[PDB]
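Quick notes on the structure that follows.
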Amino acid sequence: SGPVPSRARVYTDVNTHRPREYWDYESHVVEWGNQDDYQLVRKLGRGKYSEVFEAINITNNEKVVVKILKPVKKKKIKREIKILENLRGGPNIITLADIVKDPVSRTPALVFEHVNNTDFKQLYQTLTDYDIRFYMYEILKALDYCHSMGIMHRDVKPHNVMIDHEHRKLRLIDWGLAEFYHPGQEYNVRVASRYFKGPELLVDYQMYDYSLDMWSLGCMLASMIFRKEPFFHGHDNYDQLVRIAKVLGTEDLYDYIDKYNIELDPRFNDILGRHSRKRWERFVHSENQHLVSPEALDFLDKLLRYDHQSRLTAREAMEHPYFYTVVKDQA
Ligand SMILES: O=c1ccc2nc3ccc(O)cc3oc-2c1
Ligand SMILES: [Cl-]
């Protein structure tokens with residue numbers, strides 16, 4: 002019969018009402034700077050798609066971050082570039098400073114404003130309940146903006162959230178997998194990290210939307226409040242759904258399949274089986290009690306849903322009682 006089509010509850014036609022140039026990144030022309038304006042100081046870390054270095058700008062002696070892209074299809078490079086330019090200036094969004102071509106490998110290398118190289122994974126152990134709500138609110142600002150700009154991150158994870166805890170700044174990075182949202186378009190499910198992949202990715206439902214980022218956010222929230230990184234610890238893409246099914250229950254799962262008429266892989270039918278929907282009070286123990294609250298659990302539950310349309314939008318999430326104390330202090 003085929004899968005039931007779906008659309009985004011919010012920011013649905015935002016790209017349609019914008020000029021071609023905005024979302025048609027293949028036609029985007031790139032103005033290239035010179036690497037002889039930058040000197041690499043030290044490697045900040047390696048990656049699957051790029052190498053990252055701390056660098057200095059020999060024109061104003063300003064510290065920057067250079068991301069030397071590994072060989073990948075031209076349009077994917079233009080995509081990341083265009084998305085960065087479109088989201089530039091947004092709340093908690095990383096700032097692409099300059100676009101440069103490397104002398105040695107002759108590969109493009111994005112230059113970003115220098116942000117305190119503190120990863121979200123290391124700080125997890127030291128976060129108080131308030132710090133969690135605060136930074137989750139900050140991420141929600143970045144997510145709501147890019148969603149409003151018709152852009153899905155498709156790779157939300159702690160490894161992609163830089164935070165300057167000293168000044169309480171936060172930046173959402175790595176937009177290399179980000180894509181523009183168009184109503185009706187079927188996308189590639191092979192995105193994001195395994196532990197943060199939403200159900201529709203695991204069951205191969207290609208017509209997803211902004212809601213994908215909300216699931217990944219839910220996975221982060223769970224890991225923080227329950228002190229379990231990662232929360233859903235699957236071995237592969239099949240086992241990942243099983244780990245989820247053992248928590249959210251198999252009942253809602255097959256109903257999600259039924260609703261959108263999803264052709265489920267025969268493999269799942271053997272490993273899924275039957276599981277009840279666990280209460281969140283189960284994952285609570287003496288070490289994480291101070292992070293768990295009735296407000297937290299209610300908010301977390303509204304993120305982790307099989308049905309992507311059932312998940313809260315980025316704006317709705319910011320209106321949840323869980324952030325009441327945070328919104329107050331900011332005013
Ligand atoms: O201070 C930093 C450190 C690493 C960074 N890695 C990035 C990777 C991708 C991207 O789009 C932006 C990035 O910005 C960074 C800023
Ligand atoms: Cl229970």
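Numbering (the entry's author numbering), first residue to last: 2 to 332.
Positions of the beta carbon are idealized from the N, C-alpha and C atoms, including for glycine.
Can you look up residue i in the DSSP assignment and give me helix, strand or coil?
i, result
"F227", "coil"
"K74", "coil"
"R169", "coil"
"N35", "strand"
"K260", "helix"
"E180", "strand"
"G219", "helix"
"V328", "helix"
"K79", "helix"
"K68", "strand"
"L273", "coil"
"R43", "strand"
"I94", "strand"
Output the distance between the C-alpha atoms of residue i and residue j, rounded to the nearest integer angstrom.
i, j, result
"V116", "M208", "34 Å"
"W281", "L298", "7 Å"
"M137", "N58", "33 Å"
"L265", "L70", "36 Å"
"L292", "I258", "33 Å"
"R283", "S194", "26 Å"
"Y23", "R191", "25 Å"
"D308", "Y255", "11 Å"
"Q36", "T60", "12 Å"
"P295", "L203", "29 Å"
"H166", "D14", "37 Å"
"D271", "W216", "25 Å"
"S2", "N262", "8 Å"
"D145", "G90", "14 Å"
"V327", "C147", "22 Å"
Considering Cα atoms alone, identify which of the options is closest to residue i.
i, options, result
"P200", "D240, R89 and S224", "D240"
"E86", "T108, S106 and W176", "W176"
"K68", "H29, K76, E114 and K260", "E114"
"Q310", "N289, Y211, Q290 and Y196", "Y211"
"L141", "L304, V248 and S28", "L304"
"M153", "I133, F181 and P159", "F181"
"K74", "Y26, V105 and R47", "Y26"
"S277", "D99, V248 and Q40", "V248"
Check for me: the beta strand (DSSP E) holding residue i runs from which residue to which?
i, result
"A56", "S51 to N58"
"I100", "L97 to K102"
Along the chain, where does the alpha helix (DSSP H) that runs through residue i open and close?
i, result
"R21", "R21 to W24"
"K122", "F121 to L124"
"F113", "Per DSSP, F113 belongs to no alpha helix (DSSP H); it is in the beta strand (DSSP E), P109 to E114."
"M319", "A315 to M319"
"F300", "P295 to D302"
"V243", "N238 to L249"
"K142", "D130 to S149"
"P200", "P200 to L203"
Taking 8 Å as the cut-off, decide whether the C-beta atoms of residue i and residue j are in contact.
i, j, result
"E81", "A179", "yes"
Check whether the Cβ of residue i lies closer than 7 Å to any heavy atom of ligand 3, and answer yes or no.
i, result
"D240", "This structure simply doesn't include ligand 3; it includes ligand 1 and ligand 2 instead."
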